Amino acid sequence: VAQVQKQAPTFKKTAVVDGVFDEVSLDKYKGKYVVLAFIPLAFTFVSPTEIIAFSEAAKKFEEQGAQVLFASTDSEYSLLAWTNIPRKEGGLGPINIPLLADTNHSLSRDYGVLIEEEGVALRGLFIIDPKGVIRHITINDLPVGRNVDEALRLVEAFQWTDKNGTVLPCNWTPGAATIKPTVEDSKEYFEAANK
């Protein structure tokens, strides 16, 4: 499966990019950070809200050197169709993020988010670094959408730790106190953090 600290399972999927079919793979986005977010089913409820909120935030992630991909078990024909139904009617409308079509279930299987019985993916989201390792997993059960901002926090967070060697405290958003993870230089932080 996909595991934090391990290489992200490799894939080439047909995807709806800018309203046309184009193959996508981690390579397509060297060496951006990749946010691969699975939804269970096109034409449903929680899912569109997520696709939308990430799409609306597509640029915020580009700013962070991140490319967010959405993955579904539906076909590209189904994903596409969904972008052709406007958002007022639960459609996705126009979308700035790729909808990857995981019709053969390999993505959802490899990413350990396939509910075999149902043949759909859990609300798994995966943050993958330019070295293609998985730095974060979020998996949600079906009824509750993930957090666009958390997703972003984490892209930012991991990008920081990658650039600075510094380690990031719980809730750190960029600008908050970061730690130096030696026993010595980490006093800087704890001394400063606790009045």
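Start at 1 with the first residue shown and count on from there.
**Student:** Per the entry, where is the mean C-alpha temperature factor higher: 84-92 or 116-124?
**Tutor:** It is 84-92 that shows the higher mean C-alpha B-factor.
**Student:** Mind pulling up the entry and telling me whether 23-31 or 49-57 has the higher mean Cα temperature factor?
**Tutor:** Looking at the recorded C-alpha B-factors, 23-31 comes out higher on average.
**Student:** Per the entry's Cα B factor values, which of 164, 140, 67, 44 stands out as the maximum?
**Tutor:** Comparing C-alpha B-factors across 164, 140, 67, 44, the top value belongs to 164.
**Student:** Place residue 149 in the lowest, middle or highest third of its chain's C-alpha B-factors, as listed in the PDB entry.
**Tutor:** It falls in the middle third of the chain.
**Student:** Pull the Cα B-factor of residue 129 out of the PDB entry and bin it into the chain's lowest, middle or highest third.
**Tutor:** Within its chain, residue 129 is a middle-third residue by C-alpha B-factor, going by the deposited values.
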